[PDB]
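Engineer: below is the sequence, then the experimental coordinates.
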Amino acid sequence: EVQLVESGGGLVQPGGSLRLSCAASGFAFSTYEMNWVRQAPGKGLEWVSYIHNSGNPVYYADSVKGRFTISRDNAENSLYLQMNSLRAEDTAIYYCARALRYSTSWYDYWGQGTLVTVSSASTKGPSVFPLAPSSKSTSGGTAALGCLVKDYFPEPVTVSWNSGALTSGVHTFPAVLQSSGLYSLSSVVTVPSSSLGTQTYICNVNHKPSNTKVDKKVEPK
Amino acid sequence: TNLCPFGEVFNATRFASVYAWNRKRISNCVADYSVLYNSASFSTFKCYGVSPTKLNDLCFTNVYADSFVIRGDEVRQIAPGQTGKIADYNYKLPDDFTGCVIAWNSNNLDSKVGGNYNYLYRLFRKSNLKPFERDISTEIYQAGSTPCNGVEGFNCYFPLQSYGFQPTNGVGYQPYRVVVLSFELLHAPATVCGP
Amino acid sequence: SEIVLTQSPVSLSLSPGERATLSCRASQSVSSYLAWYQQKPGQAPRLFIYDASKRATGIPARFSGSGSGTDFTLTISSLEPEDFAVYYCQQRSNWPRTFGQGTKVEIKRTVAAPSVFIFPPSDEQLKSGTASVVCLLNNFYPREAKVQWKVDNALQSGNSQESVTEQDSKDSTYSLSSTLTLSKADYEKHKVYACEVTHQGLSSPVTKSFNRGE
Ligand SMILES: *[C@@H]1O[C@H](CO)[C@@H](O)[C@H](O)[C@H]1NC(C)=O
């Protein structure tokens, strides 16, 4: 099975540095051209750098010249990207791209990507607050409820309901970065109108960059 | 009393792919070939023209040590007058081959969990290789009417294919390290006698 | 010179089974070095067309592309449900492999007004120095909706902040959440909190209200 695993991302203070690594497996990595492609959150695709299978033909985006440098190991089947003098402009998911042989830019196979976030804010876990259903909602149509996930800096959060057993009607909204520099997010679910006192709904909020697992019961007042 | 550097060839940490088979020259040294067969550590040890025993009582000008990795069910192709993907497109021996072909199982070294894809062989080629021909060209193979323009696609194949050795493969599908000794007797006073 | 690839249109709303054509214009001649990608949310892109007419591996026949020089067209003869995504065009005639800024193909649908819910701040959050008020717009088709908060029937601007989901794979609707965040001191300075919602599916802007003390 052809695989591409990027790693080494995470938070960096503006002006710092990172190194990303790509683990190839399932194909002759030594015969392929390799590339890095970023995508800022909610924005388009931008090509970062290119490397030949031999490794001497090297190109970069004009905005990252002198700061970024690409390398590859045809023996250990690994692609690297050294990032220096990072800016908040570099905040994006960095994909490891695999090019059709000797097109140099038609990317066959992509990694899942790793999220690089450059910002001076410190890692903070999320506060989890419920969104109780409306008192005297309705008899049989629908009632809405959820949690509100607020004030966590590193962007990825995992919000599930009842340990993955409640999926229908769930709307985990995209986060919004506030004036503080902290992310805020809501997750809501629509459930039968007369099933609130009988059935119990509970959040499962996860924040990997903080080893946080906050569950919260959500029932009427 | 300069001894021929067979340890560099047989005990190399890394072996070359068969399409890019490595060649080493043995000159101006003493090769006691008898330690090779009278070790019983190999699975294939055939010599053609010359005889493997009382083989270190002869003098040659130069000895060529070709090494590569193929799978188990392609070892028989490393022999005079053989056909197949390895013999036709990767490594070809002359009909009048005088020399020894040496192979041993290397599943412990060249196989990896999830597949070792570093070893390659040439899958597509227009014509058979000449004896002792090295083709390292990685040009896109055109198998159709449309030109490839250097991009793999429909009827346009990358010529090299990966073995993908796994430790749980069948014996014929398992990797084998092969050393081919070519005894060339040029006009110059023979430099590899090896008492 | 940065070869600028400008795509057309910005957005495209079509029903399944309809024919779709997308544009990508280059600032200068790229000859034939142009390909098309497809990207679904939360996923890496997927190569579909390359060299402006050749299809990638596993790409169905309904996808096609043509064009040369500075103008190129991607064609979907009949849209299947899984062909609705964002499409980017990329050139390899000049480093850097610049991309277009995306053409997003959403599902055309019938009109549906949303279900509106307002959520008062939790007591636990008021033990902190902040108060968040959440308005929910649920399952409406036209992505264009207007949300105005009202505190003692005097709307604000600046303290709300919106967020819109992707087109739900099932009912092809969008859901919006607007969050009015206030300090606890200012929250316990006013009385009635309401959320006015304007929409195509609404023949009158619907408001949902609550009072501070239940
Ligand atoms: C390879 O190493 C083994 C063990 O060190 C040794 O017995 C053998 O002779 C070596 N091979 C050659 C060709 O010298």
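Structural biologist: Everything's here; your move. Numbering: from 1, shown residues only, chains lettered A, B, ... in the order given.
Engineer: is chain C within reach of stretch A:149-162?
Structural biologist: Yes. Stretch A:149-162 reaches chain C (Cβ under 8 Å from any Cβ of the partner chain) through residue A:150. Using the backbone N, CA and C atoms, a C-beta is placed for each residue, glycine as well.
Engineer: what about that stretch, start to end distance?
Structural biologist: The straight-line separation of the ends of stretch A:149-162 (Cα to Cα, to the nearest Å) is 16 Å.
Engineer: what is the burial count for the residue lying closest to residue B:52 once chain neighbours are set aside?
Structural biologist: In space, residue B:52 comes closest to residue B:37 once its chain neighbours are excluded; the distance is 5.1 Å by Cβ to Cβ, 6 or more residues apart in numbering or on different chains. The local packing of residue B:37 (other Cβ atoms under 10 Å in any protein chain shown) involves 16 other residues.
Engineer: residue B:37 contacts residue B:46, correct?
Structural biologist: No. The pair residue B:37 / residue B:46 is not scored as a contact, 10.1 Å apart, by Cβ atoms under 8 Å.
Engineer: are we agreed that residue B:35 is in a helix?
Structural biologist: Yes. Counting by DSSP: H, G, I helix; E, B strand; the rest coil, residue B:35 is part of a helix.
Engineer: OK, contacts around it?
Structural biologist: With contacts defined as Cβ atoms under 8 Å, 6 or more residues apart in numbering or on different chains, residue B:35 has no neighbours.
Engineer: does residue A:158 touch residue A:208 like I think?
Structural biologist: Yes. Judged on Cβ under 8 Å, residue A:158 makes contact with residue A:208 at a distance of 7.4 Å.
Engineer: for residue C:195, give me its contacts.
Structural biologist: Residues in contact with residue C:195 (Cβ under 8 Å, 6+ apart) are C:116, C:118, C:135, C:147, C:148, C:149, C:150, C:178, C:207, C:208, C:209.
Engineer: nearest residue to it in space, please, no chain neighbours.
Structural biologist: Spatially, and ignoring its direct neighbours in sequence, residue C:195 is nearest to residue C:135 (3.8 Å; Cβ to Cβ, 6+ apart).
Engineer: domain ranges for chain C?
Structural biologist: C:5-107, C:115-211 (curated CATH domains).
Engineer: er, chain B actually
Structural biologist: B:2-114+B:167-195, B:115-166 (CATH domains of a matching chain).
Engineer: equivalent analysis for chain A, please.
Structural biologist: Split by curated CATH domains, chain A gives A:3-118, A:127-218.
Engineer: mind putting the domains of chain C in TSV, distance to the ligand included?
Structural biologist: Converted to TSV, these look like this (distance: least, Cβ to the nearest ligand atom, whole Å):
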stretch	distance to the ligand
domain C:5-107	45
domain C:115-211	61
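Engineer: how about stretch B:10-21: buried residues?
Structural biologist: Neighbour-count burial for stretch B:10-21 flags B:10, B:15, B:16, B:17, B:18, B:19, B:21 (criterion: 16 or more other Cβ atoms under 10 Å in any protein chain shown).
Engineer: including secondary structure, could those go into a markdown table?
Structural biologist: Listed next are the buried residues of stretch B:10-21 as a markdown table, based on three-state DSSP:
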| residue | secondary structure |
| --- | --- |
| B:10 | helix |
| B:15 | coil |
| B:16 | coil |
| B:17 | strand |
| B:18 | helix |
| B:19 | helix |
| B:21 | coil |
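Engineer: can I get those in TSV including distance to residue C:202?
Structural biologist: TSV is the format used below for those (distance: Cβ to Cβ, whole Å):
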residue	distance to residue C:202
B:10	83
B:15	73
B:16	73
B:17	68
B:18	72
B:19	69
B:21	76
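Engineer: and which of those residues is nearest the ligand?
Structural biologist: The ligand has its nearest neighbour among those in residue B:10, at 3.7 Å by Cβ to the nearest ligand atom.
Engineer: stretch C:149-164 near chain A anywhere?
Structural biologist: Yes. Stretch C:149-164 is in contact with chain A by Cβ under 8 Å from any Cβ, via C:161, C:162, C:163, C:164.
Engineer: give me the neighbour count for the first one.
Structural biologist: So that's residue C:161. 15.
Engineer: my guess is it meets residue C:149, correct?
Structural biologist: No. With contact defined as Cβ under 8 Å, residue C:161 does not reach residue C:149; the gap is 10.6 Å.
Engineer: relative to residue C:98, how far out is residue C:3?
Structural biologist: To residue C:98, residue C:3 is 5 Å away according to Cβ to Cβ, to the nearest Å.
Engineer: looking at these two, which one has more neighbours?
Structural biologist: Between residue C:3 and residue C:98, counted using other Cβ under 10 Å, the more crowded position is residue C:98 (22 against 18).
Engineer: any idea how far residue A:59 is from the more buried one?
Structural biologist: Computed as Cβ to Cβ, the residue C:98 to residue A:59 distance reads 12 Å.
Engineer: who in chain C is up against chain B?
Structural biologist: Selection of chain C residues close to chain B by Cβ under 8 Å from any Cβ yields C:50, C:51, C:54, C:57.
Engineer: the second one touches residue C:30, doesn't it?
Structural biologist: To tie it back to what came earlier, the one meant is residue C:51. No. Using Cβ under 8 Å, residue C:51 is not in contact with residue C:30; the gap is 10.7 Å.
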